[PDB]
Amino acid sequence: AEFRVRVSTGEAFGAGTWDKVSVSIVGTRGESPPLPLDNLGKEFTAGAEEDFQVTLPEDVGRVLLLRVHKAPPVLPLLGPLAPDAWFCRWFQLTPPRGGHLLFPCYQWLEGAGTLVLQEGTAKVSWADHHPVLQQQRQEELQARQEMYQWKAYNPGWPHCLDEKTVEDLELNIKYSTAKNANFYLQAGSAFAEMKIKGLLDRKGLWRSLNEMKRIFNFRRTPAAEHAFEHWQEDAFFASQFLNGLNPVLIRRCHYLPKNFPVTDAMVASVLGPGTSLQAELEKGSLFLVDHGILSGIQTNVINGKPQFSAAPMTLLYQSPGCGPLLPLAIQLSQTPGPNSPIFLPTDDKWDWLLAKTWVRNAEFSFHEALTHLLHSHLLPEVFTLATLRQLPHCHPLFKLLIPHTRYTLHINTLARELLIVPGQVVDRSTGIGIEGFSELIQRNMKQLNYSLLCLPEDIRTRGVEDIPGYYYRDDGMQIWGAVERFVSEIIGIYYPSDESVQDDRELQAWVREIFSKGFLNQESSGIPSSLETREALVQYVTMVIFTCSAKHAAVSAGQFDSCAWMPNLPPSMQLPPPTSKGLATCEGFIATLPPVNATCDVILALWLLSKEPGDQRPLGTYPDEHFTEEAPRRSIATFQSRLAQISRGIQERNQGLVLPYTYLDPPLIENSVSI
């Protein structure tokens, strides 16, 4: 007859509420009326965990749902006051004579809304067949699909959330006021420094390479300083293909592309007289970085001056015995010929240095448009938006995936509002501009592939499983294994067979929506449009979580470290690539680099997008307990202690490196894409 209702309120700003809360307990035998949760003094203060003794007029049997109503106080002859938004963490019912019932919530309640909560026990559609519970699932997803809808942003792009401004978003997918404040303070302060220094308003060349060091007065990091110390070095130019900003392109080469006519004579110096180009190709010691996708891309106008982009090809040589990876040849065009020289390290100073810089510029355009924006933001959004629409609150995958979706819809809405719009940093200060970004995404979407998204398949495909000093791989694979083991445990707990995976209609709709809205129903993407086995499910889910956390962390963390010394990552180029050799000079080199304002505007932007604003949410840390059962909680503990072991391994490893790799240290990896 009696019931103890324990309720936890959020600690966030505004989490508390002055409004009155009432609950209706629904059971197999029936539903109770609205029951008040009103004790002496104020309840539902921010961070509060309070008990309420409630009594039901009659029996309800086994508890099924928990309907939570909220209404503002009611003055006689004045009506209600005003809605006071309330964030609820969880409910807990305790009937006689014992046995607790935990109802996880973790969402905002507003106005005359009604929160319907199931017991914390995760349940697939075929888990509990009670019609009251099936009705709850169906009506919930119906509401979700109405709340969060799709729209086409551009042709050939993945679809996105149908919201124009960040203000139109629901509270449940918004930045916390804390995180947002922290973010805008950091930005306003950063912009102020760069602005008052008059650098955002300087149209023209840097007076010298030395003046470019002024960036280190704005912001400063050891890795950024290190880039300036060694940017001219070949080993550093090459190593950044492995442990730098964009470590996903390098791949082993047994057959040199015909449009890249490197001869044995061109590489005889570096390789030595002991072998030849063909011999080393067969050895598997030669690797290639091909920015061909940039070929003929649309370019931007900066300060009324037409900008330029190359689409280079870089041949690299991995010297024996853990020696350095060294560049052999660079061609700055996809079309060979006398007007596109193959530059060697044996060329003069500025020819070779100019050639390398062009490749670094290609890395920028490629990284930010495809590796960062498309792969580490747009696809995670699709995963997020599909998850919200197709997987209900009580579904195991929702419980698993929901922390890895936090703020993703928010940050992307922000980008579409303030990043890739006219007048803003991309349009303003990048070489390829808005149309270039779009054109790249459009091309890449037509040849995307499931294997690149799954790290073990990615490393295998590119044939870089054994290349030394590849820390993005080394650390990335350990984390992937950890996530894969974590996911397989969760799947093993809830899905007893492959048939049980096939019959999950909600799961199949989830994969199908990602395939449709995310990858445009392209079979050539190699991405599943359905999941027929548990093995496939484990891999797919692992790919999602990994993409939303470590992948973004790996390609985001190094942005400022890489761009702070601008010659190491020029956002644009102001002259076309050289057509002859022996023309490059220091004066010409600076004339080719972007103007001061474009330089500092991009650096300002990348510095802000490198750091996770506000409080952190480390990978594998889930303060929101959606999983209330024991078995999933063990899996979380295992996943957490493993990440710690992986971390400690990375500390030891980095301790003996002049330039450590920290971008994949688990404590520094966010659960989701949020910046």
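The first residue of the sequence shown is number 1, and the count goes up from there.
Higher mean CA temperature factor between 117-125 and 508-516: 117-125, per the PDB entry. Here the stretch with the larger average CA B-factor, out of 102-110 and 338-346, is 102-110. The entry assigns its greatest Cα B factor, within the set 402, 85, 173, 548, to 85. Out of 575, 279, 77, 569, it is 77 whose C-alpha atom has the highest B-factor in the PDB entry. The deposited CA B-factor of residue 669 belongs to the lowest third of values across its chain.
Residue 478: CA B factor lies in the middle third for its chain, per the PDB record. Among the modelled residues of its chain, residue 380 has a C-alpha B-factor that falls in the lowest third, as given in the PDB entry. For residue 73, the recorded CA B-factor ranks within the highest third of the chain. Only modelled residues enter the ranking.
Per-chain ranking of the deposited C-alpha B factor places residue 594 in the lowest third.
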